[PDB]
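The structure appears right after this line, and notes come after that.
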Amino acid sequence: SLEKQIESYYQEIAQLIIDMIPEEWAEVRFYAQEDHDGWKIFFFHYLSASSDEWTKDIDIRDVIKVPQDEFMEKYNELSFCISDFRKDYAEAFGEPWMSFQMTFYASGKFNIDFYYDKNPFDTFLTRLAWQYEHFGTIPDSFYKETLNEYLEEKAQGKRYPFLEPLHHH
Amino acid sequence: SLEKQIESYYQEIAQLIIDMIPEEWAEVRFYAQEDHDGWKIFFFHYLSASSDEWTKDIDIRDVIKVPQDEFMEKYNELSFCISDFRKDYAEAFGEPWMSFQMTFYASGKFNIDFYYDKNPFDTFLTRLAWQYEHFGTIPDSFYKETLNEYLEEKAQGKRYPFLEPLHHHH
(Lines give C-alpha, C1' and ligand atoms only; values in the text may rest on other atoms or scores of the structure.)
Protein backbone atom coordinates (compact mmCIF):
# COMPACT_ATOMS: atom_id res chain seq x y z
CA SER A 1 0.00 0.00 0.00
CA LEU A 2 1.09 3.66 -0.23
CA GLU A 3 0.91 3.87 3.53
CA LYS A 4 3.39 0.96 3.87
CA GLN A 5 5.78 2.66 1.39
CA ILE A 6 5.78 5.83 3.56
CA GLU A 7 6.46 3.68 6.62
CA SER A 8 9.46 2.17 4.80
CA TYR A 9 10.92 5.62 4.02
CA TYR A 10 10.33 6.59 7.67
CA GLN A 11 12.06 3.37 8.77
CA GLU A 12 15.04 3.96 6.53
CA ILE A 13 15.44 7.61 7.63
CA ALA A 14 14.92 6.76 11.31
CA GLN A 15 17.54 3.97 11.11
CA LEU A 16 20.17 6.36 9.63
CA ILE A 17 19.45 8.87 12.37
CA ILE A 18 19.59 6.11 15.06
CA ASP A 19 22.97 5.04 13.57
CA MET A 20 24.30 8.60 14.15
CA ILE A 21 22.95 8.89 17.69
CA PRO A 22 25.74 7.80 20.10
CA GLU A 23 23.60 6.89 23.13
CA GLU A 24 20.20 5.66 24.28
CA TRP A 25 17.44 8.02 23.13
CA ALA A 26 13.77 8.59 24.12
CA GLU A 27 12.48 10.68 21.19
CA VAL A 28 13.76 12.10 17.91
CA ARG A 29 12.41 15.08 15.90
CA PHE A 30 13.64 15.47 12.33
CA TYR A 31 13.20 18.39 9.93
CA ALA A 32 13.91 18.05 6.20
CA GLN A 33 13.54 20.58 3.39
CA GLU A 34 14.37 20.52 -0.32
CA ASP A 35 13.20 22.89 -2.99
CA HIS A 36 12.86 22.58 -6.74
CA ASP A 37 16.40 23.86 -7.27
CA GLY A 38 17.97 21.42 -4.80
CA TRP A 39 18.46 23.90 -1.90
CA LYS A 40 18.35 21.69 1.19
CA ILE A 41 18.16 22.05 4.99
CA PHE A 42 17.88 19.01 7.30
CA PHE A 43 18.63 18.36 10.92
CA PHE A 44 17.47 16.32 13.91
CA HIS A 45 17.49 16.70 17.68
CA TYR A 46 17.10 13.75 20.06
CA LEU A 47 16.09 13.40 23.65
CA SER A 48 18.84 11.64 25.61
CA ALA A 49 17.48 8.81 27.80
CA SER A 50 20.18 9.30 30.46
CA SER A 51 20.15 13.10 30.82
CA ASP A 52 16.59 13.77 29.64
CA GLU A 53 17.98 16.71 27.65
CA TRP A 54 17.42 17.49 23.99
CA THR A 55 20.67 17.27 21.97
CA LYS A 56 21.46 18.59 18.50
CA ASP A 57 22.77 16.38 15.67
CA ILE A 58 25.67 18.85 15.24
CA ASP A 59 26.73 18.32 18.84
CA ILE A 60 27.27 14.55 18.42
CA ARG A 61 30.75 15.25 16.87
CA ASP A 62 31.93 16.54 20.29
CA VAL A 63 31.29 13.15 21.94
CA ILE A 64 31.75 10.90 18.91
CA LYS A 65 33.51 7.56 19.35
CA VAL A 66 33.65 6.27 15.71
CA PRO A 67 35.85 8.02 13.03
CA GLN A 68 34.25 11.23 11.79
CA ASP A 69 34.14 9.76 8.26
CA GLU A 70 31.85 6.95 9.54
CA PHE A 71 29.38 9.61 10.84
CA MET A 72 29.69 11.61 7.61
CA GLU A 73 28.94 8.47 5.59
CA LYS A 74 25.60 8.11 7.46
CA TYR A 75 24.99 11.87 7.06
CA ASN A 76 25.44 11.56 3.26
CA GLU A 77 23.21 8.48 3.20
CA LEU A 78 20.48 10.42 5.06
CA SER A 79 20.84 13.35 2.63
CA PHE A 80 20.46 11.09 -0.38
CA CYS A 81 17.48 9.31 1.19
CA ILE A 82 15.68 12.71 1.64
CA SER A 83 16.16 13.58 -2.05
CA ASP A 84 15.33 10.07 -3.32
CA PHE A 85 12.12 10.07 -1.26
CA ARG A 86 11.17 13.57 -2.60
CA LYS A 87 11.55 12.42 -6.17
CA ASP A 88 9.45 9.23 -5.71
CA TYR A 89 6.77 11.14 -3.76
CA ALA A 90 6.57 13.73 -6.61
CA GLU A 91 6.29 11.01 -9.25
CA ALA A 92 3.47 9.31 -7.34
CA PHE A 93 1.61 12.40 -5.84
CA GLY A 94 2.23 14.72 -8.90
CA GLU A 95 4.10 17.31 -6.82
CA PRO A 96 6.90 17.18 -4.30
CA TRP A 97 6.74 18.11 -0.67
CA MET A 98 8.85 21.23 0.08
CA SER A 99 9.54 20.04 3.60
CA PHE A 100 8.53 17.48 6.16
CA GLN A 101 8.72 16.99 9.91
CA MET A 102 9.00 13.53 11.52
CA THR A 103 8.83 12.58 15.16
CA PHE A 104 9.57 9.11 16.50
CA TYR A 105 9.61 7.61 19.99
CA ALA A 106 11.36 4.79 21.87
CA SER A 107 7.95 3.02 21.82
CA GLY A 108 8.13 2.76 17.99
CA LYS A 109 5.34 5.33 17.51
CA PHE A 110 5.96 7.86 14.73
CA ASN A 111 4.39 10.89 13.09
CA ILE A 112 5.19 12.41 9.64
CA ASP A 113 3.61 15.53 8.09
CA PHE A 114 4.36 17.16 4.74
CA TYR A 115 4.36 20.88 3.87
CA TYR A 116 4.38 22.84 0.64
CA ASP A 117 5.60 26.32 1.63
CA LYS A 118 8.82 28.13 0.74
CA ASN A 119 11.05 28.79 3.70
CA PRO A 120 12.73 32.20 3.53
CA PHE A 121 15.26 31.48 6.30
CA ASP A 122 18.79 30.05 6.09
CA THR A 123 20.03 26.92 7.84
CA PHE A 124 21.18 28.60 11.03
CA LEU A 125 18.03 30.66 11.57
CA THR A 126 15.78 27.79 10.52
CA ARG A 127 17.16 25.65 13.33
CA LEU A 128 16.82 28.56 15.89
CA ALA A 129 13.20 29.10 14.80
CA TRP A 130 12.41 25.37 14.84
CA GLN A 131 13.84 25.05 18.36
CA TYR A 132 11.89 28.05 19.50
CA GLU A 133 8.62 26.59 18.20
CA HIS A 134 9.20 23.06 19.36
CA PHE A 135 10.88 23.70 22.73
CA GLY A 136 10.40 27.39 23.52
CA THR A 137 14.20 27.96 23.47
CA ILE A 138 15.43 31.60 23.49
CA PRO A 139 18.86 30.92 22.94
CA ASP A 140 24.34 34.29 23.36
CA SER A 141 23.39 37.81 22.24
CA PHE A 142 24.22 37.16 18.53
CA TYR A 143 22.02 34.04 18.45
CA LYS A 144 19.29 35.86 20.25
CA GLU A 145 19.45 38.72 17.71
CA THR A 146 19.26 36.24 14.85
CA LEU A 147 16.20 34.55 16.40
CA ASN A 148 14.67 38.06 16.49
CA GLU A 149 14.61 38.14 12.65
CA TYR A 150 12.16 35.22 12.85
CA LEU A 151 10.20 36.65 15.80
CA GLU A 152 9.71 39.96 13.93
CA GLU A 153 8.13 38.08 10.98
CA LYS A 154 5.86 36.18 13.35
CA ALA A 155 4.87 39.48 15.04
CA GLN A 156 3.55 40.80 11.69
CA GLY A 157 1.21 37.78 11.59
CA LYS A 158 3.33 35.53 9.32
CA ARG A 159 3.32 31.84 10.14
CA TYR A 160 5.62 28.95 9.28
CA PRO A 161 3.76 25.74 10.13
CA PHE A 162 6.50 23.63 8.53
CA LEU A 163 8.68 24.26 11.60
CA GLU A 164 5.97 24.17 14.31
CA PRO A 165 5.17 21.09 16.42
CA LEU A 166 1.76 19.36 16.31
CA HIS A 167 -7.81 26.69 29.50
CA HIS A 168 -6.47 27.74 32.86
CA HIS A 169 -5.48 31.24 33.79
CA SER B 1 30.72 26.26 -25.14
CA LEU B 2 30.97 22.87 -23.40
CA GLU B 3 34.42 23.86 -22.16
CA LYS B 4 33.08 27.08 -20.55
CA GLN B 5 30.07 25.29 -19.04
CA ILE B 6 32.22 22.58 -17.49
CA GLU B 7 34.73 25.14 -16.15
CA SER B 8 31.76 26.92 -14.54
CA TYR B 9 31.15 23.78 -12.44
CA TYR B 10 34.80 23.58 -11.47
CA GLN B 11 34.70 27.22 -10.38
CA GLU B 12 31.50 26.75 -8.40
CA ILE B 13 32.86 23.70 -6.52
CA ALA B 14 36.15 25.53 -5.83
CA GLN B 15 34.26 28.56 -4.46
CA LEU B 16 32.13 26.38 -2.10
CA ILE B 17 35.30 24.73 -0.78
CA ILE B 18 36.95 28.17 -0.41
CA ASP B 19 33.90 29.33 1.56
CA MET B 20 34.52 26.43 4.02
CA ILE B 21 38.26 27.11 4.44
CA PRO B 22 38.92 29.23 7.60
CA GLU B 23 42.44 30.59 6.82
CA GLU B 24 44.76 31.60 3.98
CA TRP B 25 45.52 28.55 1.83
CA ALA B 26 47.97 27.58 -0.90
CA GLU B 27 46.41 24.52 -2.53
CA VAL B 28 43.33 22.34 -2.28
CA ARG B 29 42.87 18.72 -3.36
CA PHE B 30 39.30 17.51 -3.78
CA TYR B 31 37.89 14.03 -4.31
CA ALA B 32 34.26 13.31 -5.31
CA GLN B 33 32.51 10.06 -6.08
CA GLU B 34 28.93 9.12 -6.84
CA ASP B 35 27.61 5.94 -8.25
CA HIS B 36 24.51 5.00 -10.15
CA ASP B 37 22.51 4.34 -6.99
CA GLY B 38 23.42 7.71 -5.36
CA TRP B 39 26.16 6.32 -3.01
CA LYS B 40 28.50 9.25 -2.44
CA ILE B 41 31.94 10.00 -0.92
CA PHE B 42 33.52 13.44 -1.17
CA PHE B 43 36.17 15.33 0.75
CA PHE B 44 38.90 17.91 0.43
CA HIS B 45 42.19 18.75 2.09
CA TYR B 46 43.94 22.11 1.94
CA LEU B 47 47.49 23.28 2.42
CA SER B 48 47.73 26.07 4.93
CA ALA B 49 49.53 29.19 3.72
CA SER B 50 51.10 29.98 7.12
CA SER B 51 51.87 26.52 8.60
CA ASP B 52 52.51 24.68 5.30
CA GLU B 53 50.63 21.69 6.75
CA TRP B 54 47.69 19.91 5.13
CA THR B 55 44.34 20.09 6.93
CA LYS B 56 41.31 17.78 6.39
CA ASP B 57 37.92 19.34 5.69
CA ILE B 58 36.50 17.42 8.77
CA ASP B 59 38.96 19.21 11.03
CA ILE B 60 37.87 22.73 10.08
CA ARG B 61 34.84 22.38 12.37
CA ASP B 62 37.21 22.42 15.41
CA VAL B 63 38.41 25.94 14.58
CA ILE B 64 35.49 27.80 12.98
CA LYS B 65 34.13 30.82 14.78
CA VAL B 66 30.80 30.89 12.91
CA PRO B 67 27.84 28.63 13.70
CA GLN B 68 28.28 25.01 12.72
CA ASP B 69 25.06 25.31 10.65
CA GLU B 70 26.80 27.86 8.41
CA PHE B 71 29.49 25.24 7.63
CA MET B 72 26.87 22.49 7.20
CA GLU B 73 25.00 24.73 4.78
CA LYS B 74 28.09 25.04 2.57
CA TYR B 75 28.69 21.27 2.90
CA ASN B 76 25.20 20.60 1.72
CA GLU B 77 25.58 23.03 -1.20
CA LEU B 78 28.84 21.30 -2.26
CA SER B 79 27.19 17.90 -1.99
CA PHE B 80 24.28 19.02 -4.21
CA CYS B 81 26.66 20.65 -6.71
CA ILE B 82 28.48 17.27 -7.11
CA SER B 83 25.22 15.45 -7.86
CA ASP B 84 23.77 18.20 -10.07
CA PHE B 85 27.03 18.25 -12.09
CA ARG B 86 27.02 14.44 -12.44
CA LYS B 87 23.44 14.46 -13.75
CA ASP B 88 24.09 17.22 -16.26
CA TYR B 89 27.35 15.64 -17.41
CA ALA B 90 25.49 12.27 -17.96
CA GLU B 91 22.71 13.96 -19.92
CA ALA B 92 25.19 15.77 -22.16
CA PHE B 93 27.75 13.04 -22.76
CA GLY B 94 25.52 10.04 -22.42
CA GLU B 95 27.28 8.50 -19.39
CA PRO B 96 28.24 9.78 -15.97
CA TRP B 97 31.67 9.93 -14.39
CA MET B 98 32.04 7.65 -11.31
CA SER B 99 34.50 9.92 -9.56
CA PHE B 100 36.79 12.84 -10.10
CA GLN B 101 39.76 14.60 -8.53
CA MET B 102 40.62 18.26 -8.68
CA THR B 103 43.58 20.27 -7.50
CA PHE B 104 43.53 24.05 -7.37
CA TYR B 105 45.92 26.71 -6.21
CA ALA B 106 45.75 30.21 -4.78
CA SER B 107 46.73 31.52 -8.24
CA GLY B 108 43.46 30.12 -9.70
CA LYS B 109 45.33 27.42 -11.61
CA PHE B 110 43.77 23.97 -11.51
CA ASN B 111 44.08 20.37 -12.67
CA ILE B 112 41.24 17.83 -12.90
CA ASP B 113 40.61 14.28 -14.03
CA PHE B 114 37.56 12.01 -14.31
CA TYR B 115 37.30 8.32 -13.60
CA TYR B 116 34.89 5.53 -14.49
CA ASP B 117 35.91 2.82 -12.01
CA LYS B 118 33.91 1.41 -9.09
CA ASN B 119 35.49 2.08 -5.67
CA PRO B 120 35.16 -0.95 -3.41
CA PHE B 121 36.12 0.92 -0.20
CA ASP B 122 33.95 2.78 2.26
CA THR B 123 34.29 6.47 3.25
CA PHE B 124 36.74 6.00 6.08
CA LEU B 125 39.11 3.61 4.17
CA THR B 126 38.83 5.71 0.99
CA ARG B 127 40.19 8.79 2.83
CA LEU B 128 42.98 6.76 4.51
CA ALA B 129 43.99 5.29 1.13
CA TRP B 130 43.75 8.67 -0.63
CA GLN B 131 46.00 10.19 2.12
CA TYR B 132 48.44 7.31 1.77
CA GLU B 133 48.68 7.86 -2.02
CA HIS B 134 48.88 11.67 -1.92
CA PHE B 135 50.96 12.22 1.21
CA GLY B 136 52.42 8.81 2.18
CA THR B 137 50.52 8.97 5.48
CA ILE B 138 50.49 5.82 7.58
CA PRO B 139 48.28 6.25 10.72
CA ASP B 140 46.82 4.58 15.50
CA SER B 141 46.62 0.74 15.39
CA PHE B 142 42.90 0.49 14.38
CA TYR B 143 43.42 3.13 11.61
CA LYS B 144 46.60 1.30 10.54
CA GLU B 145 44.83 -2.08 10.36
CA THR B 146 42.03 -0.50 8.32
CA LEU B 147 44.55 0.95 5.83
CA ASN B 148 46.04 -2.58 5.62
CA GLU B 149 42.93 -3.70 3.79
CA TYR B 150 43.89 -1.33 0.97
CA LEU B 151 47.62 -2.11 1.14
CA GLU B 152 46.84 -5.87 0.81
CA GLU B 153 45.20 -5.13 -2.58
CA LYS B 154 48.14 -3.02 -3.68
CA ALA B 155 50.41 -5.99 -2.76
CA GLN B 156 48.59 -8.03 -5.42
CA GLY B 157 49.29 -5.34 -8.04
CA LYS B 158 45.81 -3.74 -7.89
CA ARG B 159 45.71 0.02 -8.54
CA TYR B 160 43.08 2.69 -7.85
CA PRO B 161 44.03 5.67 -10.08
CA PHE B 162 40.93 7.57 -8.88
CA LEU B 163 42.70 8.21 -5.54
CA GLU B 164 46.28 8.66 -6.74
CA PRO B 165 47.84 12.07 -7.27
CA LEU B 166 47.18 13.57 -10.72
CA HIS B 167 60.95 9.54 -14.68
CA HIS B 168 64.11 7.57 -13.85
CA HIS B 169 65.86 9.58 -11.21
CA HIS B 170 66.98 8.08 -7.90
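Numbering starts fresh at 1 for the residues of each chain in the C-alpha coordinates, the chains themselves are lettered A, B, ... in the order given, and ligands are numbered from 1 as they appear.
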
Inset, instruction - Counting only C-alpha atoms, collect the residues of chain A whose closest atom lies at most 7 Å from chain B, and write them out as a PyMOL selection string. - result: chain A and resi 38+40+69-70+73+76+80+123-124

Inset, instruction - Figure out the distance between atom CA of residue B:6 and atom CA of residue B:95, please, to one decimal in Å. - result: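 Atom-to-atom, atom CA of residue B:95 and atom CA of residue B:6 are spaced 15.0 Å apart.
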
Legend entry - Every residue of stretch 12-134 of chain A that DSSP places in alpha helix (DSSP H), as a VMD selection string: chain A and resid 12 to 20 68 to 93 123 to 134

Inset, instruction - Please give the complete set of residues from stretch 1-31 of chain A that DSSP, run on the backbone, assigns to strand (DSSP E or B), formatted as a PyMOL selection string. - result: chain A and resi 25-31
